[PDB]
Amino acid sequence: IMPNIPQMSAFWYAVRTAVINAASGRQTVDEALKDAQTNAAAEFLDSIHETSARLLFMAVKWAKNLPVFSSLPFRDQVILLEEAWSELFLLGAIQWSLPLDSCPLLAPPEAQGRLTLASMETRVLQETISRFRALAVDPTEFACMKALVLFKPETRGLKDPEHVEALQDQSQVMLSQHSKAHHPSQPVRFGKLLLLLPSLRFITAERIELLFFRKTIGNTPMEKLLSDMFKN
């Protein structure tokens, strides 16, 4: 029988990530149930995590508030958001936990109630955040990088890619203009910022869905958010 309780979600939400990660290779049989054990039990902070939809929703709100975005073909808008949700989410998350010193998912020192992220995940997630913290990555620099990640011309299906190219190039000028103005001392800082972009892909979008988002029937978190924005 299913316990009629609110704190029982983490049940499968831990096992799922466990059975999938085990049946993948980046985690052996035993190296999986332990995490699920300290995860399932770790109910404390799992509701608010799945409620990291406000972050993604904040990524769409930001984009939709950009006039240059809202001047693209409708489909182009949908396409760019669908293809970049993962990285817009990460950039959001990285900026969220930037001023922090702890988290709702610690892992290696000496993790009660909190989501015990996998090995390579935490290792990379923690590390990538540090790089951003080690730089003075300020609010506008984040806005620029969001833009750089959104306005990808190569993206297939774009009805007006030449224009998406124009906007991305304009974002470089924004980021470079800002970067060099606030840090004349750091000569190669513009690049260093762009060299942070690949880390947004270290962990695939599928895994981002499986780790920080609630179930979504066949559709990506971004699709679900756009769909339920039009049912209205």
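Throughout, we count residues from 1 along the sequence that is shown.
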Ranked by mean Cα B-factor in the entry, 101-109 and 125-133, top stretch is 101-109
Quick note on 208-216 and 18-26: per-entry mean CA temperature factor is higher in 18-26
Choose from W62, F69, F190, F44 the residue with the greatest Cα B-factor as stated in the PDB record. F44
Please place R201 in the lowest, middle or highest third of its chain according to the CA B-factor in the PDB entry. lowest
Quick check for you: using the entry's CA B-factors within this chain, is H182 in the lowest, middle or highest third? middle
Binned into thirds over the chain's modelled residues, the C-alpha B-factor of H163 lands in the lowest
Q172 - which third its CA temperature factor falls in, relative to the rest of the chain: lowest
Name the third of the chain's ranked CA B-factors that contains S86, choosing lowest, middle or highest. lowest
